[PDB]
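Below, chain A is the first sequence line, B the second, and so on; all start at residue 1. Basis for what follows: all heavy atoms, side chains included, without hydrogens, waters or symmetry-related copies.
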Amino acid sequence: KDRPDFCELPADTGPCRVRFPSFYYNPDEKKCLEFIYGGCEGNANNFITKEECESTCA
Amino acid sequence: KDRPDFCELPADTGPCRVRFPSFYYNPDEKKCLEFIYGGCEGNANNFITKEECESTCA
Amino acid sequence: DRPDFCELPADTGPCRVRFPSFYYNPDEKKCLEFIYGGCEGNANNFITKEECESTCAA
């Protein structure tokens, strides 16, 4: 495998109102994508910048 | 118009914690992509299958 | 070498819809059919046998 399993988790905005720009790795598209995150909870496939997403999820 | 305006809304897991793998239209990528929906609330850009998303949002 | 989730048991979860799916069974060294109920469960959960085999079989 080329990346940790959490990179394969679908985007989760968490339960807070969606307000913040964040990034997640989309394994189907093989790319890190912007989404709107609530700021609280969610899952490990959640990065502050595209660069950090790309470093972790390759 | 190619699709309803609601197709451009962000993915929204909502405030509940019943994790349903679901699909949303990503207008940037022009693709129906997977996200976690929490089972309540959220918005109209929320489909039970990729096929339903692709028919409704193109 | 393959994802950790390949080693998790099949899990239909508690929801009451029907998504025929495949999971990897390490004892059998093959992917096997199960019904996913639509929510919860785990990542050892594929729409096609071929994807399950690609990801989880040696």
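Of all the heavy atoms in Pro21(B) and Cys39(C), the pair that sits closest is CD-CA, 4.5 Å. Across all non-hydrogen atoms, the minimal contact from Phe5(C) to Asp5(A) is N-OD2, 3.4 Å. Across every non-hydrogen atom of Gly38(B) and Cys16(B), the tightest pair is O-CB, 3.0 Å. For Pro27(B) against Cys7(B), the heavy-atom pair with the smallest separation is CD-O, 4.1 Å.
A 4.5 Å side-chain heavy-atom check between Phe35(B) and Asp12(A) finds every atom pair outside the cut-off. Taking the side chain as every heavy atom from C-beta outward, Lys30(B) and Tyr25(B) approach each other to under 4.5 Å. Residues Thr13(B) and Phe20(B) have side chains not in contact (no heavy-atom distance under 4.5 Å, counting atoms from C-beta outward).
Remark: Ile47(C) CD1 is loosely packed, at most 12 non-hydrogen atoms of other residues, nucleotides or ligands lying under 6.0 Å away.
Between the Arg3(B) side chain and the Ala58(B) main chain, no donor and acceptor come within less than 3.5 Å of each other. Proximity of a side-chain donor or acceptor of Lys30(C) to a complementary backbone N or O of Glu28(C) within less than 3.5 Å is detected. Between the side chain of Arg2(C) and the backbone N or O of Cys56(C) there is at least one donor-acceptor pair closer than 3.5 Å. Listed for the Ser22(A) side chain is no donor-acceptor partner under 3.5 Å among the backbone atoms of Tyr37(A).
The SG atoms of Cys32(B) and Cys57(B) sit 2.5 Å or more apart.
Within the structure, the side-chain hydrogen bond (donor to acceptor under 3.5 Å, both in side chains) test picks out the following pairs touching residues 39-57 of chain A (sequence neighbours left out): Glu41(A)-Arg17(B), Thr49(A)-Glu52(A).
Between the CG atom in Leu32(C) and the CG atom in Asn25(C) there is a gap of 5.0 Å [rounded to 0.5 Å].
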